[PDB]
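Input: a single structure, listed below in structure tokens.
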Amino acid sequence: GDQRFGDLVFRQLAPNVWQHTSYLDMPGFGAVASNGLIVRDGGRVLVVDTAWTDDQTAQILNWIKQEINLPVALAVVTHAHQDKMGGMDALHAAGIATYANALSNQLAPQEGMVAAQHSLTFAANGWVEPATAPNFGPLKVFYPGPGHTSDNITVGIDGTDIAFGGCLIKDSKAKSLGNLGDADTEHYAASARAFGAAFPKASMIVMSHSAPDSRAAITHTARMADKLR
Ligand SMILES: COC(=O)[C@H](CS)NC(=O)OCc1ccccc1
Ligand SMILES: [Zn+2]
Ligand SMILES: [Zn+2]
């Protein structure tokens, strides 16, 4: 079940995988949840996405200390919006190595974000260039194409049935795609489908603004995105 820890929520998804959830009271939109991931890989911990704020992200690290008690080797953040990168300074203060799409790091200052320390680059087929993602262990990083944003990336967890779509994917009962302010409306559907095709064995889809779902999250998201064209 859910574990309330301060103002955040943690949920175990698999033996070595937990979802972190944090909230930002956005005026005119209510208190918006955003999810990321925590993965134990042997004697270290890997984080996918910050919380909305530095303080919340420090709380993620506090939860990790109390519930796992192993060092956080790295974090990867999945685009340059506040829900994914708002807590970068907290990661740096903690001495954690940070990674983002090169384009996310380029965009970070104008989006009001602090850039990650390291830039990921991607092959033409979307897979991360391995040299730019050293020591990522089971994290398999994939750029599906522009969709939710131009820079959005996705992460599969090798050895599990989990893939993380970030803010690209919404669940199978969602009425909308969420924040389309920086979206590529022409390419969104194809990018959602490319995410699915990159992680064909993933039966649990995790995403930023819905609870974990089946692969129907991918098909429904793509079908909704068809309407943008
Ligand atoms: C500061 O906002 C954010 O970081 C995220 C980035 S994806 N935006 C968000 O969650 O917007 C909430 C929203 C806005 C319009 C329509 C649906 C949801
Ligand atoms: Zn976003
Ligand atoms: Zn988001």
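Heads up, chain A uses Swiss-Prot numbers, so what you see runs 42-270.
Recorded method for this deposit: X-ray crystallography, 1.0 Å.
For all residues, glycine too, the Cβ spot is worked out from N, Cα and C.
Swiss-Prot lists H120, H122, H189 with the feature Zn(2+) 1 binding site. Per Swiss-Prot, the feature Zn(2+) 2 binding site maps to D124, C208, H250. As annotated by Swiss-Prot, substrate binding site applies to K211, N220.
Positions of Swiss-Prot features highlighted on the structure.
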| residue | record | contacts (Cβ under 8 Å, 6+ apart) |
| --- | --- | --- |
| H120 | Zn(2+) 1 binding site | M126, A141, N142, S145, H189, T190, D192, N193, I194, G207, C208 |
| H122 | Zn(2+) 1 binding site | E152, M154, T190, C208, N220, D223 |
| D124 | Zn(2+) 2 binding site | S63, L65, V73, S75, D90, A92, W93, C208, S249 |
| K211 | substrate binding site | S217, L218, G219, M248, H250, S251, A258, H261, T262, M265 |
Filtered binding-site residues, from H120, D124, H189, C208, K211, whose Cβ is under 6 Å from an atom of ligand 3: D124, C208
Densest Cβ neighbourhood among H189, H250 (binding-site residues), 10 Å radius: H189
In three-state DSSP terms, the structure that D124 (Zn(2+) 2 binding site) belongs to: helix
Where the C-beta lies under 6 angstroms from ligand 1, the matching binding-site residues among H120, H189, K211: none
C208 (Zn(2+) 2 binding site) CB neighbourhood, other CB atoms within 10 A: 25
Other same-chain residues whose Cβ falls within 8 Å of the Cβ centroid of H120, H122, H189, the recorded Zn(2+) 1 site, in sequence order: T119, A121, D124, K125, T190, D192, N193, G207, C208, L209, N220, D223
Local backbone state of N220 (substrate binding site), from DSSP in three classes: coil
